[PDB]
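Engineer: So I've got this file, my_file.tsv, and it contains TSV, C-alpha atoms and all ligand atoms:
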```tsv
chain	number	residue	atom	x	y	z
Q	3	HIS	CA	4.23	11.86	-20.56
Q	4	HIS	CA	2.55	10.88	-17.26
Q	5	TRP	CA	4.40	8.36	-15.04
Q	6	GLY	CA	3.78	4.62	-15.14
Q	7	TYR	CA	5.44	1.22	-14.82
Q	8	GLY	CA	6.41	0.68	-18.45
Q	9	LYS	CA	9.81	0.66	-20.16
Q	10	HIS	CA	9.58	4.34	-21.03
Q	11	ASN	CA	7.94	5.89	-17.97
Q	12	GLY	CA	8.64	3.38	-15.22
Q	13	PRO	CA	10.38	3.75	-11.82
Q	14	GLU	CA	13.84	4.31	-13.38
Q	15	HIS	CA	12.48	7.49	-15.03
Q	16	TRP	CA	10.53	9.02	-12.12
Q	17	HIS	CA	13.54	10.94	-10.89
Q	18	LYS	CA	13.45	13.29	-13.89
Q	19	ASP	CA	10.08	14.74	-12.85
Q	20	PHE	CA	10.29	13.92	-9.12
Q	21	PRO	CA	13.85	14.56	-7.86
Q	22	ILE	CA	12.83	13.20	-4.44
Q	23	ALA	CA	13.00	9.71	-6.06
Q	24	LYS	CA	16.68	9.69	-5.10
Q	25	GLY	CA	15.96	10.94	-1.60
Q	26	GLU	CA	17.14	9.80	1.82
Q	27	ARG	CA	14.01	7.95	2.99
Q	28	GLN	CA	12.47	6.40	-0.11
Q	29	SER	CA	10.36	3.26	-0.11
Q	30	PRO	CA	10.01	0.37	-0.53
Q	31	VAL	CA	13.07	-1.27	1.00
Q	32	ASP	CA	14.29	-4.82	1.54
Q	33	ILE	CA	13.73	-5.98	5.12
Q	34	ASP	CA	16.82	-7.88	6.28
Q	35	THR	CA	15.43	-9.87	9.22
Q	36	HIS	CA	18.94	-10.38	10.58
Q	37	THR	CA	19.76	-6.69	10.93
Q	38	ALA	CA	16.31	-5.40	11.94
Q	39	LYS	CA	16.44	-4.25	15.56
Q	40	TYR	CA	13.97	-5.74	18.06
Q	41	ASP	CA	12.64	-2.71	19.93
Q	42	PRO	CA	11.08	-3.53	23.35
Q	43	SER	CA	9.54	-0.04	23.67
Q	44	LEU	CA	7.39	-0.53	20.57
Q	45	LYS	CA	3.75	-0.64	21.61
Q	46	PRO	CA	1.30	-3.16	20.12
Q	47	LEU	CA	-0.74	-1.88	17.16
Q	48	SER	CA	-4.31	-0.78	17.79
Q	49	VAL	CA	-6.48	-1.28	14.72
Q	50	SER	CA	-10.07	-0.06	15.24
Q	51	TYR	CA	-11.92	-0.75	12.00
Q	52	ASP	CA	-15.31	-1.65	13.52
Q	53	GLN	CA	-16.88	1.62	12.35
Q	54	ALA	CA	-15.26	1.67	8.89
Q	55	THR	CA	-17.39	3.13	6.10
Q	56	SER	CA	-16.20	2.18	2.63
Q	57	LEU	CA	-17.64	4.30	-0.14
Q	58	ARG	CA	-16.20	3.61	-3.55
Q	59	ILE	CA	-13.77	1.58	-5.57
Q	60	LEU	CA	-11.94	3.08	-8.53
Q	61	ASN	CA	-9.36	2.30	-11.15
Q	62	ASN	CA	-7.00	5.28	-11.36
Q	63	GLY	CA	-4.47	3.84	-13.83
Q	64	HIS	CA	-1.54	2.54	-11.69
Q	65	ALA	CA	-3.94	0.56	-9.38
Q	66	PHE	CA	-7.41	0.26	-7.78
Q	67	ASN	CA	-8.29	2.05	-4.57
Q	68	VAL	CA	-11.13	1.36	-2.20
Q	69	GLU	CA	-11.93	4.68	-0.52
Q	70	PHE	CA	-13.39	5.22	2.94
Q	71	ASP	CA	-15.21	8.06	4.63
Q	72	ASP	CA	-12.53	9.82	6.71
Q	73	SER	CA	-14.74	12.69	7.95
Q	74	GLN	CA	-14.62	11.31	11.50
Q	75	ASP	CA	-12.60	8.83	13.57
Q	76	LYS	CA	-14.42	5.76	12.18
Q	77	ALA	CA	-11.54	3.50	11.14
Q	78	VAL	CA	-8.31	4.40	12.89
Q	79	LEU	CA	-4.80	3.12	13.55
Q	80	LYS	CA	-2.98	3.96	16.78
Q	81	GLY	CA	-0.26	2.40	18.87
Q	82	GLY	CA	2.82	0.75	17.48
Q	83	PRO	CA	5.44	3.45	16.67
Q	84	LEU	CA	2.69	6.02	16.12
Q	85	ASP	CA	1.85	9.14	18.04
Q	86	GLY	CA	-1.72	10.30	17.66
Q	87	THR	CA	-4.66	8.97	15.70
Q	88	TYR	CA	-4.43	8.05	12.01
Q	89	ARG	CA	-7.59	7.71	9.88
Q	90	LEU	CA	-7.92	5.15	7.12
Q	91	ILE	CA	-8.55	6.96	3.85
Q	92	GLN	CA	-7.98	4.15	1.29
Q	93	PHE	CA	-6.34	0.80	0.56
Q	94	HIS	CA	-4.86	-0.59	-2.69
Q	95	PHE	CA	-2.59	-3.39	-3.90
Q	96	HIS	CA	0.56	-3.79	-5.97
Q	97	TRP	CA	0.94	-7.08	-7.83
Q	98	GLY	CA	2.93	-8.85	-10.48
Q	99	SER	CA	2.53	-10.64	-13.78
Q	100	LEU	CA	3.75	-13.85	-12.09
Q	101	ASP	CA	3.26	-15.27	-8.56
Q	102	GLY	CA	6.96	-14.80	-7.81
Q	103	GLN	CA	6.81	-11.04	-7.94
Q	104	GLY	CA	4.45	-8.26	-7.05
Q	105	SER	CA	5.24	-7.00	-3.57
Q	106	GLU	CA	7.09	-3.71	-3.14
Q	107	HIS	CA	8.84	-4.56	0.14
Q	108	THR	CA	10.81	-7.81	0.21
Q	109	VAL	CA	11.90	-9.87	3.22
Q	110	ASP	CA	15.47	-11.16	2.92
Q	111	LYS	CA	15.16	-10.44	-0.83
Q	112	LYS	CA	12.01	-12.59	-1.13
Q	113	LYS	CA	9.22	-11.03	-3.22
Q	114	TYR	CA	5.62	-12.02	-2.53
Q	115	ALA	CA	2.77	-12.21	-5.09
Q	116	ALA	CA	1.30	-8.87	-4.05
Q	117	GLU	CA	1.19	-6.29	-1.30
Q	118	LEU	CA	-1.77	-4.56	0.34
Q	119	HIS	CA	-1.37	-0.96	1.51
Q	120	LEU	CA	-3.87	0.46	4.00
Q	121	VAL	CA	-3.29	4.22	3.94
Q	122	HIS	CA	-3.96	6.42	6.98
Q	123	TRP	CA	-3.32	10.09	7.70
Q	124	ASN	CA	-2.51	11.87	10.95
Q	125	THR	CA	-5.60	13.64	12.30
Q	127	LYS	CA	-3.59	16.42	13.94
Q	128	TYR	CA	-3.07	17.88	10.45
Q	129	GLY	CA	-6.76	18.42	9.67
Q	130	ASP	CA	-6.75	17.05	6.11
Q	131	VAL	CA	-4.67	14.64	3.99
Q	132	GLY	CA	-3.33	17.49	1.91
Q	133	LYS	CA	-1.60	19.03	4.93
Q	134	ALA	CA	-0.62	15.59	6.24
Q	135	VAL	CA	1.50	14.77	3.16
Q	136	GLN	CA	3.60	17.90	3.86
Q	137	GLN	CA	4.78	16.51	7.22
Q	138	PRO	CA	7.43	13.87	8.11
Q	139	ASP	CA	4.86	11.95	10.18
Q	140	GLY	CA	1.77	12.77	8.10
Q	141	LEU	CA	0.99	9.23	6.95
Q	142	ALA	CA	1.02	5.68	8.28
Q	143	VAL	CA	0.69	2.84	5.77
Q	144	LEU	CA	-0.01	-0.68	6.97
Q	145	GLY	CA	1.60	-3.11	4.53
Q	146	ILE	CA	0.47	-6.73	4.22
Q	147	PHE	CA	2.03	-9.36	1.97
Q	148	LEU	CA	-0.08	-11.74	-0.12
Q	149	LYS	CA	1.15	-15.21	-1.04
Q	150	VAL	CA	-0.66	-17.64	-3.31
Q	151	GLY	CA	-2.31	-20.52	-1.48
Q	152	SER	CA	-5.79	-20.72	-0.03
Q	153	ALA	CA	-8.54	-18.27	-0.92
Q	154	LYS	CA	-9.18	-15.29	1.35
Q	155	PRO	CA	-12.98	-15.05	1.88
Q	156	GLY	CA	-12.81	-11.39	2.85
Q	157	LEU	CA	-11.11	-10.49	-0.44
Q	158	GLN	CA	-13.74	-12.00	-2.74
Q	159	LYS	CA	-16.11	-9.02	-2.53
Q	160	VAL	CA	-13.25	-6.94	-4.02
Q	161	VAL	CA	-12.46	-9.51	-6.72
Q	162	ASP	CA	-16.10	-9.74	-7.92
Q	163	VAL	CA	-16.36	-5.99	-8.51
Q	164	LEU	CA	-13.18	-5.60	-10.62
Q	165	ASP	CA	-15.09	-6.21	-13.85
Q	166	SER	CA	-17.01	-2.96	-13.45
Q	167	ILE	CA	-13.81	-0.89	-13.06
Q	168	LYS	CA	-11.64	-2.56	-15.69
Q	169	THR	CA	-10.33	0.65	-17.25
Q	170	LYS	CA	-8.76	3.88	-16.00
Q	171	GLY	CA	-11.26	6.36	-14.57
Q	172	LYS	CA	-13.98	3.83	-13.83
Q	173	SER	CA	-15.46	3.69	-10.34
Q	174	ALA	CA	-18.24	1.75	-8.63
Q	175	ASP	CA	-20.10	2.16	-5.35
Q	176	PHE	CA	-18.50	-0.05	-2.73
Q	177	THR	CA	-20.28	0.33	0.57
Q	178	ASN	CA	-20.29	-1.91	3.61
Q	179	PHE	CA	-16.92	-3.55	2.99
Q	180	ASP	CA	-15.19	-4.63	6.20
Q	181	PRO	CA	-11.38	-4.19	6.03
Q	182	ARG	CA	-10.94	-6.43	9.09
Q	183	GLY	CA	-11.39	-9.31	6.68
Q	184	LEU	CA	-7.97	-8.61	5.14
Q	185	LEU	CA	-5.89	-8.81	8.31
Q	186	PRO	CA	-3.61	-11.75	9.17
Q	187	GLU	CA	-3.94	-13.37	12.63
Q	188	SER	CA	-0.86	-11.76	14.16
Q	189	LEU	CA	-0.13	-8.05	14.23
Q	190	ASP	CA	3.66	-8.42	14.68
Q	191	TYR	CA	5.46	-5.93	12.47
Q	192	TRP	CA	8.59	-4.13	11.23
Q	193	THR	CA	8.63	-0.33	11.01
Q	194	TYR	CA	10.82	2.34	9.40
Q	195	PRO	CA	10.40	5.97	8.17
Q	196	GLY	CA	9.86	6.12	4.41
Q	197	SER	CA	7.90	7.57	1.52
Q	198	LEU	CA	4.96	7.09	-0.85
Q	199	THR	CA	6.06	4.45	-3.38
Q	200	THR	CA	4.47	6.28	-6.32
Q	201	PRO	CA	4.92	9.90	-7.45
Q	202	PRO	CA	5.04	12.45	-5.91
Q	203	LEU	CA	7.10	10.11	-3.64
Q	204	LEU	CA	6.73	12.37	-0.60
Q	205	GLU	CA	8.78	11.31	2.43
Q	206	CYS	CA	5.91	11.51	4.88
Q	207	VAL	CA	5.27	7.87	5.74
Q	208	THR	CA	5.79	5.72	8.79
Q	209	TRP	CA	5.77	2.26	7.33
Q	210	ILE	CA	4.34	-0.61	9.37
Q	211	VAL	CA	4.86	-3.91	7.53
Q	212	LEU	CA	3.22	-7.01	9.02
Q	213	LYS	CA	5.33	-10.14	9.41
Q	214	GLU	CA	2.52	-12.59	8.68
Q	215	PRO	CA	1.28	-12.65	5.07
Q	216	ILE	CA	-2.29	-13.43	4.16
Q	217	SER	CA	-3.07	-16.17	1.65
Q	218	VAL	CA	-5.09	-15.61	-1.52
Q	219	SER	CA	-5.95	-18.14	-4.22
Q	220	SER	CA	-4.44	-18.23	-7.68
Q	221	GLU	CA	-7.90	-17.40	-9.10
Q	222	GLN	CA	-8.19	-14.29	-6.90
Q	223	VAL	CA	-4.78	-12.97	-7.99
Q	224	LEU	CA	-5.58	-13.76	-11.63
Q	225	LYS	CA	-8.51	-11.33	-11.54
Q	226	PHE	CA	-6.26	-8.42	-10.43
Q	227	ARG	CA	-4.21	-9.15	-13.55
Q	228	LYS	CA	-7.18	-8.67	-15.88
Q	229	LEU	CA	-7.50	-4.95	-15.03
Q	230	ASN	CA	-6.28	-2.30	-17.47
Q	231	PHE	CA	-3.87	0.62	-17.09
Q	232	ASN	CA	-5.49	2.32	-20.10
Q	233	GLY	CA	-8.84	4.08	-20.39
Q	234	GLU	CA	-11.78	2.81	-22.44
Q	235	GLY	CA	-11.21	2.98	-26.18
Q	236	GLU	CA	-7.41	3.02	-25.85
Q	237	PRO	CA	-4.97	0.17	-26.63
Q	238	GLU	CA	-5.19	-2.51	-23.94
Q	239	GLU	CA	-2.28	-2.70	-21.48
Q	240	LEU	CA	-2.84	-5.20	-18.68
Q	241	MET	CA	-2.37	-3.74	-15.18
Q	242	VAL	CA	0.45	-5.95	-13.88
Q	243	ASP	CA	3.78	-5.30	-12.21
Q	244	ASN	CA	2.63	-1.96	-10.75
Q	245	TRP	CA	5.40	-2.09	-8.14
Q	246	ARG	CA	8.52	-0.04	-7.45
Q	247	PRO	CA	11.76	-1.95	-6.85
Q	248	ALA	CA	13.41	-1.78	-3.40
Q	249	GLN	CA	15.33	1.45	-2.66
Q	250	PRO	CA	18.61	1.95	-0.71
Q	251	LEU	CA	18.08	1.93	3.05
Q	252	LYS	CA	20.69	4.70	3.52
Q	253	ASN	CA	20.84	5.95	7.13
Q	254	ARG	CA	17.73	4.21	8.46
Q	255	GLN	CA	17.06	1.42	10.87
Q	256	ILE	CA	14.25	-1.09	10.55
Q	257	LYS	CA	12.76	-1.88	13.94
Q	258	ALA	CA	10.88	-5.07	14.82
Q	259	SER	CA	8.09	-5.40	17.38
Q	260	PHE	CA	8.99	-9.07	17.93
Q	261	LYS	CA	12.05	-11.24	18.58
T	1	LIG	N1	-12.89	10.61	2.19
T	1	LIG	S1	-12.98	9.83	0.67
T	1	LIG	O1	-13.27	8.39	0.63
T	1	LIG	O2	-13.82	10.56	-0.36
T	1	LIG	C1	-11.40	9.72	-0.21
T	1	LIG	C2	-10.86	8.50	-0.66
T	1	LIG	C3	-9.60	8.46	-1.34
T	1	LIG	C4	-8.87	9.64	-1.57
T	1	LIG	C5	-7.52	9.62	-2.26
T	1	LIG	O3	-7.09	8.48	-2.62
T	1	LIG	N2	-6.74	10.87	-2.49
T	1	LIG	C6	-5.28	10.83	-2.34
T	1	LIG	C7	-4.54	12.01	-2.14
T	1	LIG	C8	-5.11	13.32	-2.65
T	1	LIG	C9	-4.36	14.57	-2.45
T	1	LIG	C10	-3.04	14.55	-1.75
T	1	LIG	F1	-2.41	15.60	-1.59
T	1	LIG	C11	-2.48	13.27	-1.25
T	1	LIG	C12	-3.21	11.96	-1.42
T	1	LIG	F2	-2.72	10.92	-0.99
T	1	LIG	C13	-9.40	10.89	-1.13
T	1	LIG	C14	-10.65	10.97	-0.46
T	2	LIG	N1	2.02	2.15	-2.77
T	2	LIG	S1	1.92	3.24	-1.47
T	2	LIG	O1	1.30	2.81	-0.26
T	2	LIG	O2	3.17	3.97	-1.13
T	2	LIG	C1	0.87	4.63	-1.75
T	2	LIG	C2	-0.15	5.02	-0.90
T	2	LIG	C3	-0.96	6.16	-1.23
T	2	LIG	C4	-0.74	6.90	-2.41
T	2	LIG	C5	-1.59	8.12	-2.84
T	2	LIG	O3	-2.54	8.46	-2.08
T	2	LIG	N2	-1.32	8.86	-4.10
T	2	LIG	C6	-1.96	10.10	-4.37
T	2	LIG	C7	-1.29	11.31	-4.14
T	2	LIG	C8	-1.67	12.50	-4.98
T	2	LIG	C9	-0.99	13.78	-4.76
T	2	LIG	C10	0.08	13.90	-3.73
T	2	LIG	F1	0.65	14.98	-3.56
T	2	LIG	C11	0.47	12.71	-2.90
T	2	LIG	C12	-0.20	11.39	-3.08
T	2	LIG	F2	0.14	10.44	-2.38
T	2	LIG	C13	0.31	6.50	-3.26
T	2	LIG	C14	1.13	5.38	-2.97
T	3	HG	HG	6.31	15.06	4.21
```
Once you've parsed the file, please lay out its structure as structure tokens.
Ligand SMILES: NS(=O)(=O)c1ccc(C(=O)NCc2ccc(F)cc2F)cc1
Ligand SMILES: NS(=O)(=O)c1ccc(C(=O)NCc2ccc(F)cc2F)cc1
Ligand SMILES: [Hg+2]
Structural biologist:
Amino acid sequence: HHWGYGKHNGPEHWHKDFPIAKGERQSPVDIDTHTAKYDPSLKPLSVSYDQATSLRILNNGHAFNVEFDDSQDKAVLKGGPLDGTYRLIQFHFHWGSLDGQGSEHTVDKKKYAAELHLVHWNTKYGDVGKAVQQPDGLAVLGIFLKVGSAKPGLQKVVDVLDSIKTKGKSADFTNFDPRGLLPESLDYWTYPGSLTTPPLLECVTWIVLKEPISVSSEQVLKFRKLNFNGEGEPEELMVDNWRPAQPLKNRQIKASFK
């Protein structure tokens, strides 16, 4: 049936319905800090989220997305390895059943507790639908989460999870400021890749931040209480919604710092 993260429909099965799963620029990948190339020509990232308008939060099976109004250049990402303006359309997380796993990308084989993905699309393409059909259509800002101190800016998200426990549920989520989820430093690694969930389109420029943000054990626990299933169906906890690292193949990971 539909794809998932279970034994019978997990990542190892996606290739049957989405041949691109065994493509040349699939994500996530393991970032080997010792072979990543420091690139002096990489420009600093420009994150302008001051005018961000969040609208809704929803459980879509797989994960929970916080959507933003992308009708105008309100929250945009520019700079770095990007050409043009990219609008923030939504952000979501991937997490594990235990603190030692959850992130999609790994650094020197180290998995973090979770990973935040802030998804943006290239404005030159007019709409996200056209953007996903281009090699530079999307830019996803990836941030690692490690268990430690609580992240104040994340609490508003944690408190609302109860109202969207099952698949298909959504709740109004206005006035959320995504700037509250950023680490202090904007140093990053970048490589061309793909969406990490079906349809696995190879249209993403990945920008993974070096500095993880810290979240408390209690905050991460609440992600784990969400459900993959819809209301009235057998309860399957939403945990381990991450795809294992894919072969790097003929790609080079560039670093904005030495
Ligand atoms: N402007 S808004 O807040 O209402 C909005 C928010 C989220 C999404 C979404 O997650 N769709 C994903 C999505 C839909 C179609 C497609 F081809 C690729 C793709 F990533 C769409 C619109
Ligand atoms: N974990 S991750 O950052 O890589 C990621 C980011 C966005 C999406 C998404 O928008 N899915 C909907 C969607 C629906 C239809 C389509 F054609 C493409 C598409 F991405 C999926 C995975
Ligand atoms: Hg593409």
Engineer: Taking all atoms listed in the file into account, which residues are within 10 Å of ligand LIG 1 (chain T), as a VMD selection string?
Structural biologist: chain Q and resid 55 to 60 62 66 to 74 89 to 94 121 to 123 130 to 136 141 198 202 204
Engineer: For C-alpha atoms, I'd like the residues from the last selection saved as an mmCIF file, in the coordinates of the input.
Structural biologist:
```cif
data_model
loop_
_atom_site.group_PDB
_atom_site.id
_atom_site.type_symbol
_atom_site.label_atom_id
_atom_site.label_comp_id
_atom_site.auth_asym_id
_atom_site.auth_seq_id
_atom_site.Cartn_x
_atom_site.Cartn_y
_atom_site.Cartn_z
ATOM 1 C CA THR Q 55 -17.390 3.130 6.100
ATOM 2 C CA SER Q 56 -16.200 2.180 2.630
ATOM 3 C CA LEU Q 57 -17.640 4.300 -0.140
ATOM 4 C CA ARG Q 58 -16.200 3.610 -3.550
ATOM 5 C CA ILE Q 59 -13.770 1.580 -5.570
ATOM 6 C CA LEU Q 60 -11.940 3.080 -8.530
ATOM 7 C CA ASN Q 62 -7.000 5.280 -11.360
ATOM 8 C CA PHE Q 66 -7.410 0.260 -7.780
ATOM 9 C CA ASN Q 67 -8.290 2.050 -4.570
ATOM 10 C CA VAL Q 68 -11.130 1.360 -2.200
ATOM 11 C CA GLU Q 69 -11.930 4.680 -0.520
ATOM 12 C CA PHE Q 70 -13.390 5.220 2.940
ATOM 13 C CA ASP Q 71 -15.210 8.060 4.630
ATOM 14 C CA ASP Q 72 -12.530 9.820 6.710
ATOM 15 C CA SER Q 73 -14.740 12.690 7.950
ATOM 16 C CA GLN Q 74 -14.620 11.310 11.500
ATOM 17 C CA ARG Q 89 -7.590 7.710 9.880
ATOM 18 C CA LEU Q 90 -7.920 5.150 7.120
ATOM 19 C CA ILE Q 91 -8.550 6.960 3.850
ATOM 20 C CA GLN Q 92 -7.980 4.150 1.290
ATOM 21 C CA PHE Q 93 -6.340 0.800 0.560
ATOM 22 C CA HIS Q 94 -4.860 -0.590 -2.690
ATOM 23 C CA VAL Q 121 -3.290 4.220 3.940
ATOM 24 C CA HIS Q 122 -3.960 6.420 6.980
ATOM 25 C CA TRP Q 123 -3.320 10.090 7.700
ATOM 26 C CA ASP Q 130 -6.750 17.050 6.110
ATOM 27 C CA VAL Q 131 -4.670 14.640 3.990
ATOM 28 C CA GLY Q 132 -3.330 17.490 1.910
ATOM 29 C CA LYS Q 133 -1.600 19.030 4.930
ATOM 30 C CA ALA Q 134 -0.620 15.590 6.240
ATOM 31 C CA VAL Q 135 1.500 14.770 3.160
ATOM 32 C CA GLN Q 136 3.600 17.900 3.860
ATOM 33 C CA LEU Q 141 0.990 9.230 6.950
ATOM 34 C CA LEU Q 198 4.960 7.090 -0.850
ATOM 35 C CA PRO Q 202 5.040 12.450 -5.910
ATOM 36 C CA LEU Q 204 6.730 12.370 -0.600
#
```
Engineer: Draw an axis-aligned box tight on the listed atoms of ligand LIG 2 (chain T), then pad every side by 4 Å and write out centre and edge lengths in Å to one decimal as lines of an AutoDock Vina configuration file.
Structural biologist:
```
center_x = 0.3
center_y = 8.6
center_z = -2.6
size_x = 13.7
size_y = 20.8
size_z = 12.7
```
Engineer: How many Å lie between CA of residue 149 in chain Q and CA of residue 115 in chain Q, rounded to one decimal?
Structural biologist: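 CA of residue 115 in chain Q lies at a distance of 5.3 Å from CA of residue 149 in chain Q.
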Engineer: If you count all atoms listed in the file, which residues fall within 12 Å of residue 15 in chain Q, apart from same-chain ones fewer than 4 positions away, as a PyMOL selection string?
Structural biologist: chain Q and resi 3-11+19-21+23-24+200-201+246
Engineer: Identify which of the residues Q:124, Q:169, Q:105, Q:232 lies closest to ligand HG 3 (chain T), counting all atoms listed in the file when measuring atom-to-atom distances.
Structural biologist: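 Among Q:124, Q:169, Q:105, Q:232, it is Q:124 that comes nearest to ligand HG 3 (chain T).
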Engineer: Check the smallest atom-to-atom distance from each of Q:167, Q:142, Q:248, Q:189 to ligand HG 3 (chain T) using only C-alpha atoms and all ligand atoms, then report the winner.
Structural biologist: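 Nearest to ligand HG 3 (chain T): Q:142.
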Engineer: Just to confirm, what's the straight-line distance from CA of residue 95 in chain Q to CA of residue 47 in chain Q in Å (one decimal)?
Structural biologist: 21.2 Å
Engineer: Which residues come within 10 Å of range 152-155 of chain Q, counting all atoms listed in the file, excluding same-chain residues fewer than 5 positions away, as number ranges by chain?
Structural biologist: Q: 183-184, 216-223
Engineer: Write out as a PyMOL selection string each polymer residue whose atoms come within 7 Å of range 237-245 of chain Q, counting all atoms listed in the file; drop sequence neighbours fewer than 5 positions from it.
Structural biologist: chain Q and resi 7+64+96-99+104-106+227-232
Engineer: I'd like to know which of Q:178, Q:28, Q:208, Q:43 is closest to residue 145 in chain Q, using all atoms listed in the file.
Structural biologist: Q:208
